[PDB]
Amino acid sequence: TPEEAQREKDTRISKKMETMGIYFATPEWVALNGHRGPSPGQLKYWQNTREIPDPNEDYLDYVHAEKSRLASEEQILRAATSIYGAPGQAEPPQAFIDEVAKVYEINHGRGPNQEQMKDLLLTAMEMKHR
Amino acid sequence: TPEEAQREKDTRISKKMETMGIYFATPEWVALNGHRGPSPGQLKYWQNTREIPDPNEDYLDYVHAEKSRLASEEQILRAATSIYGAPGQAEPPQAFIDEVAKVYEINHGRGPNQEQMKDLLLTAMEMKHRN
């Protein structure tokens, strides 16, 4: 039974891809990719663009591409807690967390540079006073 | 002493500046700015770079530029809840919120475009299917 067999193989590959954080790799997408997993080109494309990669083109321009630095609210929160330097290592105010996340947004998903760090430190020094 | 008067006028300008969310405009920075608030150029520089603007430069090259659209974690959360389409204003999983925030990070602080929206919708369909 090739229909149920390949359907189940697609669901197994897709499940293994989904647990790996590869969200676009649905069972349907795996089936359209030739019942096969995503290529490094498609994977890198999704990692750097968050656009669904076309299932049957291999994206040979993305195979050797640098993983785009992308930060999670959790990483932003950790960096904000470290920069704020709160007494008792406590979470900073949400306004400072928003400022740090906006800094990450300005840097295409990267952390603050040494000039943005002076701004974040001055903001912390002004917020812990107020 | 006119110096303490100037200090108090600086501190009042600084209070009005940060009540508005303009954080860099400390009393000290206002005093270094010529005892006045930030110019539109300085304010554009800080809004677009989050770097402290030099206190007496006019940053005109940023006057004729436009304000970068940034997003807060609250705006990210609202966009994630709207895109996920949860019944009853229910928070999406933190993985989907992280996906939306990473989309925002790719766009220099902007919202998702059409193709990133289709990706986020497919991701939502898979997260509601598995959960």
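Residues numbered from 1 in each chain as written, not as in the entry; some residues may be left out. Chains lettered and ligands numbered in written order. Heavy atoms only, no water. Residues with missing side-chain atoms left out of burial classes, pairs and counts.

Colleague: Explain the pattern of salt bridges residue by residue, including any values.
Modeller: For the structure shown, the criterion picks out seven salt bridges over all chains. Two residues, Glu18 of chain B and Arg130 of chain A, come together in a salt bridge whose shortest N-O distance is 3.7 Å. Taken as a pair, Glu18 of chain B in helix α1 (residues 2-19) and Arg130 of chain A in the segment after α6 (114-127) lie in two separate chains rather than in one. According to the relative accessible area criterion, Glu18 of chain B is buried, its value standing at 3%. The exposure class assigned to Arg130 of chain A is exposed, which follows from its relative accessible area of 54%. Note that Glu115 of chain B and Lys118 of chain B form a salt bridge whose closest N and O atoms lie 2.9 Å from each other. (Salt bridge = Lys/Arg side-chain N within 4 Å of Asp/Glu carboxyl O. Helix = DSSP H or I, 4+ residues; strand = E, 2+ residues; numbered from the N terminus. Buried < 20%, exposed > 50% of the residue type's maximum accessible area, 1.4 Å probe, protein only.)

Colleague: Provide a residue-level description of helix α5 (residues 94-106) of chain B, including the pertinent values.
Modeller: The end-to-end C-alpha distance of α5 of chain B, which contains 13 residues, comes to 18 Å, matching closely the 18 Å that a straight helix rising 1.5 Å per residue would cover. Most of α5 of chain B is tucked away: eleven of the 13 residues are buried. Buried residues in α5 of chain B make contact with α3 (40-49), α4 (73-84) and α5 (94-106) of chain A together with α4 (73-84) and α6 (114-130) of chain B. Once α5 of chain B ends, the next one or two residues include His108 of chain B, with phi positive near 55 degrees. (Expected span 1.5 Å × (residues − 1). Contact = heavy atoms within 4.5 Å.)

Colleague: Describe the domain arrangement of chain A, with residues and values.
Modeller: If you check the domain split of chain A, you get domain 1 (2-49) and domain 2 (73-127). Computed from C-alpha coordinates alone, the two centres of domain 1 of chain A and domain 2 of chain A are separated by 36 Å. (Domains from an automatic or database assignment.)

Colleague: So, the packing of aromatic side chains: which residues are in play, and what are the values?
Modeller: Scanning all chains against the criterion turns up twelve aromatic pairs over all chains. Centroid distance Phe24 of chain A to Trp46 of chain A: 5.4 Å. Interplanar angle 55 degrees. Geometry classified as tilted. Taken together, the positions of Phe24 of chain A in the loop between α1 (2-19) and α2 (27-32) and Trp46 of chain A in helix α3 put the pair 22 residues apart, joining distant regions of the chain. A residue is classified by how much of its surface remains accessible, and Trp46 of chain A, at 3% relative accessible area, is buried. Ring plane angle 35 degrees and centroid distance 4.6 Å describe the contact between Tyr45 of chain A and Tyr59 of chain A, whose orientation is recorded as tilted. Here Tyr45 of chain A, found in helix α3, pairs with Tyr59 of chain A, found in the loop between α3 and α4; they are 14 residues apart in sequence, far enough to count as distant. Both residues of the pair, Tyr45 of chain A and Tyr59 of chain A, belong to the buried class. An aromatic cluster is present here, built from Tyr23, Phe24, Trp29 and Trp46 of chain A joined pairwise through their rings. The ring centre of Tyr84 of chain A lies 5.3 Å from the NZ or CZ of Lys128 of chain A, which sits over that ring. Positioned above the aromatic ring of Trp46 of chain B is the side chain of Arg50 of chain B, whose terminal nitrogen or guanidinium carbon lies 4.1 Å from the ring centre. (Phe/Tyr/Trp six-rings, centres within 6.5 Å; stacked < 30°, edge-to-face > 60°. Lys NZ or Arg CZ within 6 Å of the ring centre and 35° of its normal.)

Colleague: Got a sec to walk through the interface of chain A and chain B? Specific residues and values, please.
Modeller: The partner chain B presents 40 residues to the 42 residues of chain A that form the contact. Where chain A abuts chain B, roughly 3,700 Å² becomes buried across the two surfaces, and 55% of that area is made up of carbon and sulfur atoms. In terms of surface lost to chain B, no three residues of chain A exceed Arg50, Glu73 and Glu105 of chain A, which account for 21% of the buried area on that side. Where chain A touches chain B, the interface holds three salt bridges. Between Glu99 of chain A and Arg50 of chain B there is a salt bridge, with its nearest N and O atoms 2.6 Å apart. The interface formed by chain A and chain B holds 13 residue pairs in polar contact in total. For the side of chain A that touches chain B, the elements supplying multiple residues, two or more each, are α1, α3, α4, α5 and α6 of chain A. The biggest single contributor to the side of chain A that touches chain B is α5 of chain A, with eleven residues. Across the side of chain A that touches chain B, the residue classes break down as 16 nonpolar, twelve polar and 14 charged. (Buried area = accessible area lost by both parts, 1.4 Å probe. Polar contact = N/O pair within 3.5 Å; in protein donor to acceptor, adjacent residues only side chain to side chain. Nonpolar A, V, L, I, M, F, W, Y, C, P; charged D, E, K, R; others polar.)

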